[PDB]
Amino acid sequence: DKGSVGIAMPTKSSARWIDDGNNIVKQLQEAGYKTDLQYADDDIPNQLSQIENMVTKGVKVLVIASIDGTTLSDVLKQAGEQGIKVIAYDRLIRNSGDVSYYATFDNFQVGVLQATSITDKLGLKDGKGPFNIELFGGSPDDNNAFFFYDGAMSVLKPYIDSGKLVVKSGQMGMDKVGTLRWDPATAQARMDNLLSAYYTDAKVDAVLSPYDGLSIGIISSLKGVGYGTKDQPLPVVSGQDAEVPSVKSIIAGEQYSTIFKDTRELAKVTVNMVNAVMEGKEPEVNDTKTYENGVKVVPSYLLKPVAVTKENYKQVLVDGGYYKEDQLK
């Protein structure tokens, strides 16, 4: 009876949130808490309704991975009036003074890693170039998407400036490359139209993809126009989440890279935070400057992500138990 914790996850259409949810609940119950885990099927009104009910139920702490956190201002105010502490999980909740802590991966660094996998593969440090690249971003209502993109551009921009990388479509910036709701179908269509408009004569050499779901759609589009044959190899395509279909793609020599974010580690950080709040102590945080949310800078704990390719998938994903060997066959 250490108290109840409400856990709001955005959707099951992206594999990780099932893992986040399972891992948070497993560790919280091990720590002796009761849990109320809900998934919103990416429906913003539903997620709001779910969190409202957690508040009415009288949970002591809310752990929220929001679809669009800006929609939660009113309910989080009510949570604060009731003495409920709020942990933003993975994605920062913006526009609210009632967000107490933020547990996440180093999102800027995720972007650095995605871009670096591409630049390393292209040999840009060896003076290789020029190459054509197209850019994709996440959902614009996901605060993480801006960090993934910015982190990537910290690596790519100097090469784009020098001409060694060329964005042939000229499309850059989250307002132009963002992919609403991280929808793979949308990214696939955009890739379709980039190819027809700008790559009838030229070839795509790389695509910055911020998420595995998108990477698979992008690859499908590329195969639709003849890439992925012996004569015409796929461009270098990044990713994130180490979803099984993308890992299989990487093993097959299609998708080039992904980013492994161990949800077991993020659940553990979250439990540490819950424990602290419940004991009346200050949670461990390692970043109190970065994550401005529009009202304040939320004290945060950042975990370090790991880049995965065909070269290291076994050691990173299987040896550490995230997946079993057979799942990747």
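Counting begins at 1, following the sequence as shown.
- Taking only CA atoms, the mean B-factor in the PDB entry is higher for 161 to 169 than for the other of 161 to 169 and 68 to 76.
- Comparing 41 to 49 with 283 to 291, the stretch with the higher mean C-alpha B-factor in the PDB entry is 283 to 291.
- Across 248, 203, 94, 91, the greatest Cα temperature factor reported in the deposited entry is at 203.
- The entry lists C-alpha B-factors for 184, 130, 178, 210, and the highest of these is at 130.
- For residue 120, the recorded CA B-factor ranks within the highest third of the chain. Only modelled residues enter the ranking.
- The deposited CA B-factor of residue 148 belongs to the lowest third of values across its chain.
- When the modelled residues of the chain are ordered by their C-alpha B factor, residue 220 lands in the middle third.
- Ranked against the other modelled residues of its chain, the C-alpha B-factor of residue 277 as given in the entry falls in the highest third.
- When the modelled residues of the chain are ordered by their C-alpha B factor, residue 63 lands in the lowest third.
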